[PDB]
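Computation of the quantities below employed the complete heavy-atom set of this structure, encompassing side-chain atoms and omitting hydrogens, waters and symmetry-equivalent molecules. Order of the sequence lines sets the chain letters (A, B, ...), proteins ahead of strands, with each chain counted from 1.
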Amino acid sequence: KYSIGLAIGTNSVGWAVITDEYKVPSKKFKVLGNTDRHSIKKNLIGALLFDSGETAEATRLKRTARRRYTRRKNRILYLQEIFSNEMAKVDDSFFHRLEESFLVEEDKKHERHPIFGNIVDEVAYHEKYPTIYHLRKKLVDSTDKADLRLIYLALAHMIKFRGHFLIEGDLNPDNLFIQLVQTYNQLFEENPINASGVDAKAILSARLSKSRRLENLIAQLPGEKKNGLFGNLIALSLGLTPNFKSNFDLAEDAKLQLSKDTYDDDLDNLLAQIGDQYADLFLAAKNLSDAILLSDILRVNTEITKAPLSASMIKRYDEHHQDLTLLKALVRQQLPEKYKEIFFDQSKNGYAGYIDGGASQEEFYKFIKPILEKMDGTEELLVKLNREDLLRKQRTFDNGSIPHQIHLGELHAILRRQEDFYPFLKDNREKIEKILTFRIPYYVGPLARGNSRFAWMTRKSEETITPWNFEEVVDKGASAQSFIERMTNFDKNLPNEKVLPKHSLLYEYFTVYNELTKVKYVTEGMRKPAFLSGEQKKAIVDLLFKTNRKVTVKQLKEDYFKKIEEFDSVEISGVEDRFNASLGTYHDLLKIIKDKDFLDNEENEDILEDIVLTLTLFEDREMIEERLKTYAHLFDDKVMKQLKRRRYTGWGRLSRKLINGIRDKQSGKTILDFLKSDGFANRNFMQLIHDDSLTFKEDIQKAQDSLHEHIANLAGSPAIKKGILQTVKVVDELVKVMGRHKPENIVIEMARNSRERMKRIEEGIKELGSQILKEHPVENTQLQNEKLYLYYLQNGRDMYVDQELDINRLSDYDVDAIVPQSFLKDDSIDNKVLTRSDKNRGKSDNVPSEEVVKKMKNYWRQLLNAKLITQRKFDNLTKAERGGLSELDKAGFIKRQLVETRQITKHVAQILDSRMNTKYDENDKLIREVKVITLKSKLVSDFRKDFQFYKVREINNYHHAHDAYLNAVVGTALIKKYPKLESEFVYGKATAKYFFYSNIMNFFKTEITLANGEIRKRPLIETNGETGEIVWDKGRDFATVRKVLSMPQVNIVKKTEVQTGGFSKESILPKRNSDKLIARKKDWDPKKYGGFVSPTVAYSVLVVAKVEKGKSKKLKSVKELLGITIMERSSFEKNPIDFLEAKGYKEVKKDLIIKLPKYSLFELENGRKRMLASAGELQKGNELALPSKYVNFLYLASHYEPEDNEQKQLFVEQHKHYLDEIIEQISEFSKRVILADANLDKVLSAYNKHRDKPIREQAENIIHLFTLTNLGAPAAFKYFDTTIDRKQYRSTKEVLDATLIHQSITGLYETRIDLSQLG
RNA sequence: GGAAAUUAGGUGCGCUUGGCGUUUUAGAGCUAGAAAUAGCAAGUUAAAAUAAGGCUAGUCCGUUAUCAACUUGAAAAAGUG
DNA sequence: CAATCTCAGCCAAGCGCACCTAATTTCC
DNA sequence: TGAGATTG
Ligand SMILES: [K+]
Ligand SMILES: [K+]
Ligand SMILES: [K+]
Ligand SMILES: [K+]
Ligand SMILES: [K+]
Ligand SMILES: [K+]
Ligand SMILES: [K+]
Ligand SMILES: [K+]
Ligand SMILES: [K+]
Ligand SMILES: [K+]
Ligand SMILES: [K+]
Ligand SMILES: [Mg+2]
Ligand SMILES: [Mg+2]
Ligand SMILES: [Mg+2]
């Protein structure tokens, strides 16, 4: 008889076997191999450790980048093939010189000047066109016939770096304010605005923040304020999104943004409230928006050139030239000694490091700003620097905002200019434009032909896909439909039927009637509440749901029960405040098609389901239009135009066949039929499909993956999922260890941004319109501090008092839990706030008091509408106005502290239970031979603290194994003592439940001082009340637990793993002579071209062979560890002997080759162990088994800050000698297996310096000292403020004559190989 | 233990795109001097590569998951204390 | 050799589906 | 945290 405890973590599976006396057995296991040792004794406790499992995300991002480099290359190849025949007439090696431009002169086949093949023409080109943008602008604007090579380069530059696809439709740069002002002045005839003299271009296109230009513009309009109507508008032409609630005395918030696709509908929503007369106001706002949309990137008047982007780059270049000339002149006059540093030293962040070295524009500015402020005549240079507009390059990090339409306009213009001289440019103009503009639709995916596991695209024609034949060769419709249909759920009830669109009319009718049919009403004179009849539900749907998007309970009472039923008073149950379900799509389509009778006519149901399906399935408006054309004769062209813009996303949970297809045989009614009208029973969906007197249940019944696949397909981090599969393998091994007898119980416990924080605070303060970021700028790395993050999330105010907080006094402020942490175990931002003093929350018993909620609710709602708090956080803050925390709330919170509710942990329980329990009884009921028990970590955590079995994670890895053991002990004892708990813990009144779960663990204790101010005593022996069988003996089972935790032999196994992933570090380093550099392409010698460093070793191999020595090349026998790199691995595995001989080995002992992945384990002298870090470095291989008295002493001494504390304090003082004893434990261990005497000397030295320090601080820093002794990779650590750097073991030679240890997953089965016998 | 709806927040898998960076080459450096060097001039741009590569030859695929040893099997797998 | 110093690809956009958690109404 | 290079 035995049980298994398991502790499942992100990097470990702890495990232990226990008997019915809570003991861990030990056993002799066979030892295989070639050593002296035939067997060894092992305790049945241990922990498997592993590197974290990784998600597929990084791999996915690299796969996308590969496709985009492939396709970018093909864009150029398309362009060159078009130019091929005519370029051969001008210069038959021009494309060859382009392709070999990277090669050193000695390697080149053609002359080294790429464009023209000779130095005088090449020099003349750069003199006339210092940047590509000079050429582009020249070719756009000039009427001269141009050299075909210069045409090619300009078009290639645009196609290769073609700009983004975030703006739909066409752009035509044309560089209105007088009219809009005159418009507003007319539409508000009594309150006009005078805009005479206002330079609207200079104010709005200023480089400043949009929030600032609003101020500047309004400053020029006396009588207008920034929050006035015209002020709120200026942001619309600008690009912000403000709310016009107070402008029009509105009741609901209504904002608008021109670039959003919802603009025409929100403007329609707003105009319906404010009146059609306001059409010309937002219309003139939209007209002005066109000419100044691209003013951020186009800084040139579009009347003097058709290439304002290139002209803007040229303006960068010219100002750079002018300002560089000035900067050099000023420096020569005032600071000459700095000239050499600024303009020659590439290692400094001056101009030299900016141009030739590695200084970014940001690092260059910071370096040169104090030099500018120090000198005279640099006022204009300083303004440009602060505008981030000084000595600018033209290829820069901020060019991501250029839309492809801008590059397209210059491309089109060059083609128009030069097609007059080259007929092939006229015949291929649209082809070339297609190369720039064509984008593979994301709903089509990779253009594969049977060899891509990622692709779903299908072809209308079996031929090669180009940008010009894409629409004709690819079946866009089938591919877009496949895109969605491969992913969407089927109806679990009818598993061959796809779920309906979430926005289907039928689906929403289903939702509305399912909710409505369970409403009840009662009025004075009714004996009892009544369901609504079919006729009343139809009246409510027709009168309320089909006239209002949302239906409140007040409208139900006033507009139905008063108006129709003639009730003055009525009590409603089944719905609170408002119905959750609504007919959103009905009202959407009513606005569009303006034909209520059409919507209400049942004969149109198929048409309208197909329309919404098309609007849900497809995202492309032209594909939607194409698919809607069967219905074109039904609607006006104007309606059709609005319908194709009405997109929906999202899928329901149920199919059309289920909700309104299958019929009950006796009645002939569908499910929706019953929801509309079901006598006086009003059965809802759950009742209908479970009712044995209907045929829905049997028809749903008639309509109705390996382990690794199953685990992989679970929701939850790939990290925790790695531990789950290892857990199953640990259990399988332990069962085999136990003679294939199954355990009685298996007890399982499963363990429980900087950029994102800045984005939430930026987006949230922009929503509030607050200037807190301007007053108190922050860096994303700072927002990792809890109190500073809360400060900005609360707009610098107290959450419980209507007052600002002082940002420089956060150490005096409190972080309080909204729901007190004594009830719920939430320490996240969603349950914490920053307040001056937590006493102002109200009482500590509950949620923040009612008075606080009354005062702060409106301020809390503004944070909620800014997403600075979540809805969950708001509901907990305002809970007091809904009764606060009730008695059931408290019981549930204490229950949830005990009973695991996570689905992922239930999945682990289910997996183990279905692997252990496989037999059925006489009633075909499952036979539960093994009870799978799930515990939360708090149970064992409190057990450890209550009975002084303390845990110090930094000492070694044993705490994972000790956890699993205590899980087994506490879990089996718990259900032995209270077998009724099995419903709660085994897979397969309010105050009383509160008191019960608060005291369920009392039976372990002898004397319990209850919270009720009383003390209770229990006997030495705890028993089950029904059976009398002994469960716990406080005179022997606690000592047994001590004998378990103090055992030094714990099977800790670091999972050996082949390394995978990137070939090497990614940086391309410049050329050097060191043979370390790796070629980036087959024929790119790193001595000429640079290359990569640091290949990653996939695994090492032991090689016993011979190598050639000296000029004589005489053969010498060697035994070596060879690191096989990731890049080499396929070639090595394809033919190991041929690979090894190419490396220089001869007469390899083929049968002696040993594959040695990372963490391969070796034992040397005196028990010292090492693991392979690679082929050239080792890791520490031992665990320091510190005695239990020292572990408990460290815990108590390090946590020095009931009246048992005085007893714990006295114990620390009486055992002050343990500190030196622990240092001697570390020293002996380190001298035996660590062998880092310089670091150890530095540690003993540092420990002697601080013997005068308080005991708590010494014990605190002693815990750090175990980094020297820990298993695994060496790592630096600190003792007080003396830093000990790491000692790496950068030689593997010694393991070549050591003992190699192959371990099974538990480490219980070993094969030991004495490598000294090899050679 | 489940289901539908509402509200909100997370996570995973997949697709399509934009901008940098880096590397080598091209962008005639000048004057003095035998040279070492010194005094100046100049600088903003481009091509090409962006896992080596692969066969299945596609505008495809190439970094996730999974892995002690031994044995009988090329392989999948199965067995061994 | 050792001890010590040094280094590490990054920033951004849009879209689809599927899960999970946590509160509310109604049910099985 | 493996490993390239420089300093001792
Ligand atoms: K040559
Ligand atoms: K004003
Ligand atoms: K550089
Ligand atoms: K630079
Ligand atoms: K560049
Ligand atoms: K409601
Ligand atoms: K859609
Ligand atoms: K029509
Ligand atoms: K892997
Ligand atoms: K990895
Ligand atoms: K292993
Ligand atoms: Mg790119
Ligand atoms: Mg390639
Ligand atoms: Mg570049």
Side-chain angles (χ1 to χ4, degrees), chain A residues 29-30 32 53-56 58-60 62 66 68-71 74 98-99 101-104 112-114 119 122-123 126 130-132 153 163-166 316-317 320 324 351 355-356 391-400 439-443 445-452 454 464-466 483-484 487-489 511 514-515 518 574-576 580-581 619 653-654 684-687 690 708 712 715-718 870-872 875 903 1056-1058 1060-1063 1065-1068 1070 1076 1079-1082 1088-1090 1093-1094 1127 1157 1173-1174 1176-1177 1273 1302-1305 1309 1311:
Chain A
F29 294 83
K30 182 175 303 294
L32 304 173
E54 300 175 353
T55 72
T59 304
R60 171 168 74 253
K62 294 171 159 77
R66 288 195 299 270
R68 293 200 293 150
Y69 282 131
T70 292
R71 297 158 176 175
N74 285 331
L98 261 33
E99 199 67 26
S101 69
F102 191 80
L103 303 182
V104 305
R112 67 187 174 108
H113 295 102
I119 183 142
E122 208 76 6
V123 163
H126 289 277
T131 75
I132 186 64
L153 290 166
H164 70 64
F165 288 82
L166 308 179
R316 289 196 200 178
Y317 175 86
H320 188 142
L324 180 57
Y351 190 67
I355 298 304
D356 300 311
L391 299 168
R392 290 263 281 155
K393 290 169 184 175
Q394 291 77 228
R395 300 299 296 285
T396 52
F397 55 88
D398 56 313
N399 291 336
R439 189 179 176 194
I440 296 170
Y442 74 92
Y443 50 79
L447 312 183
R449 201 175 71 175
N451 298 297
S452 171
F454 306 104
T464 296
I465 299 162
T466 61
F483 175 62
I484 300 294
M487 303 188 282
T488 48
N489 275 330
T511 62
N514 206 40
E515 185 178 0
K518 285 306 184 186
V575 55
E576 206 270 320
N580 294 327
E619 190 223 58
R653 304 289 302 177
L654 309 174
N684 63 7
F685 174 57
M686 274 295 99
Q687 294 180 304
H690 284 103
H708 177 202
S717 98
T870 67
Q871 180 72 43
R872 161 161 220 269
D875 296 345
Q903 193 78 180
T1056 65
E1057 281 185 332
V1058 170
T1060 61
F1063 291 152
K1065 283 172 155 191
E1066 289 180 45
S1067 286
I1068 305 104
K1076 287 325 223 178
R1080 204 146 61 96
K1081 289 297 190 187
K1082 180 180 166 180
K1088 299 172 177 187
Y1089 299 108
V1093 286
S1094 298
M1127 197 188 297
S1174 69
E1177 190 175 342
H1302 293 287
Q1303 300 169 291
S1304 63
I1305 194 181
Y1309 299 108
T1311 303

Could you list, one pair per line, each protein nitrogen or oxygen that sits under 3.5 Å from a nitrogen or oxygen of nucleotides 68-76 of chain B, together with the distance?
residue : atom : partner    : partner atom : Å
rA68(B) : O2'  : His1302(A) : ND1          : 2.8
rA68(B) : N9   : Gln1303(A) : O            : 3.2

Would you mind telling me which of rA51(B), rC60(B), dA3(D) lies closest to the side-chain atoms of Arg71(A)?
-> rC60(B)
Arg68(A) vs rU59(B): side-chain N/O to OP1/OP2 distance below 4.0 Å = no
Of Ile1068(A) and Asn580(A), the one whose closest nucleotide on RNA chain B sits nearer the 5' end is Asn580(A)
Ranking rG62(B), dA5(D), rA46(B) by distance to the side chain of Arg395(A), first place goes to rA46(B)
Nearest-nucleotide wise, let me know which of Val575(A) and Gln687(A) is further upstream toward the 5' end of DNA chain C.
-> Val575(A)
Any side-chain N or O of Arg1080(A) less than 4.0 Å from the OP1 or OP2 oxygen of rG53(B)?
-> no
Would you say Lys393(A) has more than 12 foreign heavy atoms packed within less than 6.0 Å of its NZ?
-> yes
Given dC15(C), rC60(B), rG18(B), the nucleotide with the shortest approach to the side chain of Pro446(A) = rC60(B)
Counting just side-chain N and O atoms, does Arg872(A) come under 4.0 Å of either OP1 or OP2 of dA22(C)?
-> no
Spacing of the P atoms in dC10(C) and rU22(B) (rounded, Å) = 15 Å
Below 4.0 angstrom from OP1 or OP2 of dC7(C), is there any side-chain N or O of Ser1094(A)?
-> no
Which value, in whole Å, describes the distance between the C1' atoms of nucleotides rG14(B) and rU45(B)?
-> 39 Å
Separation between the P atoms of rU63(B) and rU44(B), rounded to whole Å = 38 Å
Could you tell me whether the phosphate oxygens of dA3(D), OP1 or OP2, come under 4.0 Å of any side-chain nitrogen or oxygen in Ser1174(A)?
-> yes
Taking only N and O in the side chain of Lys1081(A), is any of them less than 4.0 Å away from OP1 or OP2 of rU50(B)?
-> yes
Along DNA chain C (nearest heavy atom to each residue), the more 5'-positioned of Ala715(A) and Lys518(A) | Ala715(A)
Give a yes or no on whether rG18(B) and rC67(B) pair, Watson-Crick or G-U wobble, both distances under 3.5 Å.
-> no
If we require ring centres under 5.5 Å and near-parallel planes under 30°, does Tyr443(A) stack on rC15(B)?
-> no
Between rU17(B), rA26(B), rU66(B), which nucleotide gets closest to the side-chain atoms of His126(A)?
-> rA26(B)
Does OP1 or OP2 of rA57(B) have a side-chain N or O of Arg449(A) closer than 4.0 Å?
-> yes
Nearest-nucleotide comparison on RNA chain B, the residue closer to the 5′ end among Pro1070(A) and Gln903(A) = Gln903(A)
Expected label for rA52(B) (glycosidic angle, syn inside 90° of 0, else anti) would be anti
Stacked pair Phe102(A)-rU24(B), distance under 5.5 Å, angle under 30° | yes
Are OP1 or OP2 of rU59(B) and a side-chain N or O of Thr464(A) less than 4.0 angstrom apart?
-> yes
Presence of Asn399(A) side-chain N/O under 4.0 Å of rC20(B) phosphate oxygens OP1/OP2 | yes
Measure from the ring centre of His690(A) to the centre of the six-membered ring in the base of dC28(C), then say whether that distance is under 5.5 Å and the planes meet at under 30°.
-> no
Check whether any side-chain nitrogen or oxygen of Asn489(A) sits under 4.0 Å from OP1 or OP2 of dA18(C), and answer yes or no.
-> yes
Using atom P of each nucleotide, how far apart are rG10(B) and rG54(B) to the nearest Å?
-> 45 Å
If only side-chain N and O atoms of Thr488(A) are considered, is one of them under 4.0 Å from the OP1 or OP2 phosphate oxygen of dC17(C)?
-> no
Quick one: is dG9(C) close enough that its OP1 or OP2 comes under 4.0 Å of any side-chain N or O from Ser1067(A)?
-> yes
Could you measure between the two P atoms, the one in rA77(B) and the one in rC67(B), and give it in whole Å?
-> 12 Å
So, are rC40(B) and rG29(B) a pair, meaning Watson-Crick or G-U wobble with each of the two distances under 3.5 Å?
-> yes
So with a 6.0 Å cut-off around NZ of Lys30(A), is the heavy-atom count from everything else above 12?
-> no
Does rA38(B) pair up with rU31(B), Watson-Crick or G-U wobble, with both distances inside 3.5 Å?
-> yes
Does OP1 or OP2 of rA26(B) have a side-chain N or O of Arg112(A) closer than 4.0 Å?
-> yes
Output yes when at least one side-chain N/O atom of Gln394(A) is less than 4.0 Å from OP1 or OP2 of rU45(B), else no.
-> yes
Base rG58(B) to side chain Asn451(A), donor-acceptor N/O within 3.5 Å cut-off = no
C1' gap between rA26(B) and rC13(B), integer Å = 45 Å
